[PDB]
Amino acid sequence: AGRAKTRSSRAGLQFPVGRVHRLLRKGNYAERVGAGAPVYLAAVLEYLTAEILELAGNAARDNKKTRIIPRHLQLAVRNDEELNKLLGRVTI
């Protein structure tokens, strides 16, 4: 070893556990934020990001495009019942 494992890597995540923790503390949501909170929350944000991107990226590829644009996002989210309820309408 030469550098210790980050908390994100321990959690198996791409999203930043340390930074999320800091942001939870800087928002003054509570007196203290335990170490478990940012792992869970980062995982959730990572999961949602991946779902949206999967649907959005499929629309791009169906249209023979190599790049995701707002229209694809809009389309993916509106055409999905739950994501539409959660994220609201996407305007472009």
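By rigid core we mean the largest C-alpha set that fits within 1.5 Å across both forms. Numbers follow the displayed sequence, beginning with 1.
Between 41-49 and 60-68, the one whose CA atoms sit farther away in 4 other deposited structures of this protein (rigid core aligned): After the core superposition, the stretch with higher RMS deviation in 4 other deposited structures of this protein is 60-68.
In 4 other deposited structures of this protein, superposed on the rigid core, which stretch sits farther off in Cα RMS terms, 80-88 or 15-23? Farther on average in 4 other deposited structures of this protein: 80-88.
Of the two stretches 3-11 and 81-89, which shows the higher Cα B-factor on average in the entry? The stretch with the larger average C-alpha B-factor is 81-89.
Determine, for stretches 20-28 and 70-78, which one has the higher mean CA B-factor as deposited. Per the deposited B-factors, the answer is 70-78.
Highest Cα B-factor in the deposition, which of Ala35, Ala59, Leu53, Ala42? Highest C-alpha B-factor among the listed residues goes to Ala59.
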